[PDB]
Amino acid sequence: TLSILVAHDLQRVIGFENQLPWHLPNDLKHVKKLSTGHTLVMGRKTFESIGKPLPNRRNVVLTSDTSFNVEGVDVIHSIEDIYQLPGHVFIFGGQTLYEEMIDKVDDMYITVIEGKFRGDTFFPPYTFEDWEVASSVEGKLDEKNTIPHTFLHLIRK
């Protein structure tokens, strides 16, 4: 498959100053579970955010920098190289990847954070006319997980 994996808030904020606007361990665990043993594609900025590869999956970074060579990372330099990777590919971030990818992907694993954050980056506006709710599951709250959130899985109609 080719999937978006994203958390965005009630106004489609994904990002502030090159970080998540929220502490939400449960969603990062969601990320682990979904993506372990699989492939992530991310833009250069998001990779700098994470700061190195995530273990136990394939890590692929899209970048115009031809001198990019990072232990444990496969570089690519066009959107088109994505379509050639084997297996289940998660589009991992960030804003620009989602923009370039969102009409191309089979489905999306969105976490909706039921808050309003300050952001400087956003998820593309989308319509539920275009997208079927394969599943919607309320995130569980504790002290360590204190924002309401819902895990959507959408498939292109």
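Position 1 is the first residue in the sequence shown; the rest follow in order.
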Split the chain's modelled residues into thirds by Cα B-factor; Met42 lands in the middle
Assert third(CA B-factor, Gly139) within chain per record equals highest
Entry-reported C-alpha B-factor of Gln11 relative to its chain, by third, is lowest
Chain thirds by Cα B factor, record data; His88 belongs to the middle
Chain-relative C-alpha B factor for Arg118 (record values, thirds): the lowest
